[PDB]
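This document opens with one chain alone, in structure tokens, the form deposited in one PDB entry.
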């Protein structure tokens, strides 16, 4: 059996750990009931942190509530957040959150997410708070998949697929978590580099003066043209195609790429983004980098993109297991 050392790289929140959860579902035993119950505290914490961030932005963005009474809910919320048991969601809390989300000022702020820092799954959980809070709540896979926890260490996933024994490694992509990346570059059969399509109008959590996609582009440049990776198969997942789809129709790609020309559309601007990343490949002549529009939260999609990825691994047979 061939051993494939695979590295998931990309900037913060690009979707690397969600691809890991997918491998568990698609290629391992999937989630047990008890594991699912472990995500409730995460889901509840994510719901709380996402609403607090929209409330908080009400001020910084100078946005009034569609009903000044919601201001009462906001404070109370802020107070409960420092008093509730971490990861919990009492009825008193979700009632307040349910009213705030139903407020049009809040909805105006939510829509201006790009202007501040808000979880990807904010709308996903808030819009469905009622269910998440229905007594007897045990998460679904999409709920678990929508989950968010910044990766601070290194995580390995091993599974057998098409007779290759994968050794997949997950790591945080935020600036401070990149420092350790170097110790992992030894003997890499393949890298799936992940970039969020929807990050073209966002700013870094690390430096609000740095666009997320330029950073991603720089990192890609450093990884793509890296010594160790001479052989190494490199694939680009242009991720969060679903969000890019909704986003493209409203925000100008020019905000990221001042020189960008065409119809601010999905097929067209998505391709432009593919090029800006692939142009970076100083070895485009000799190498050819396989990219694809992906939705990491979409099981069947990841299942089909990975099967193609691994068919590459199998094809362009090369280097494997490091050390």
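Here, rigid core means the biggest group of C-alpha atoms that superpose within 1.5 Å across both forms. Numbering follows the first chain given and starts at 1.
What comes next is about the form deposited in another entry, which does not appear here.
Aligning the rigid core between the shown form and the other one and inspecting 72, 115, 246, 206, the C-alpha positions shift by 2 Å or more at one residue, which is 206. Core-aligned CA deviation for residue 171 between the shown form and the other one: 2 Å or greater. For residue 180, a C-alpha deviation of 2 angstroms or more is recorded between the shown form and the other one after rigid-core alignment. With the core held fixed between the shown form and the other one, residue 84 has its Cα displaced by under 2 Å. Relative to the shown form, the CA atoms of residue 195 and residue 151 are pushed 3 Å or more farther apart in the other entry. In summary, the C-alpha positions of residue 152 and residue 211 diverge in the other entry, ending up at least 3 angstroms farther from each other than in this conformation.
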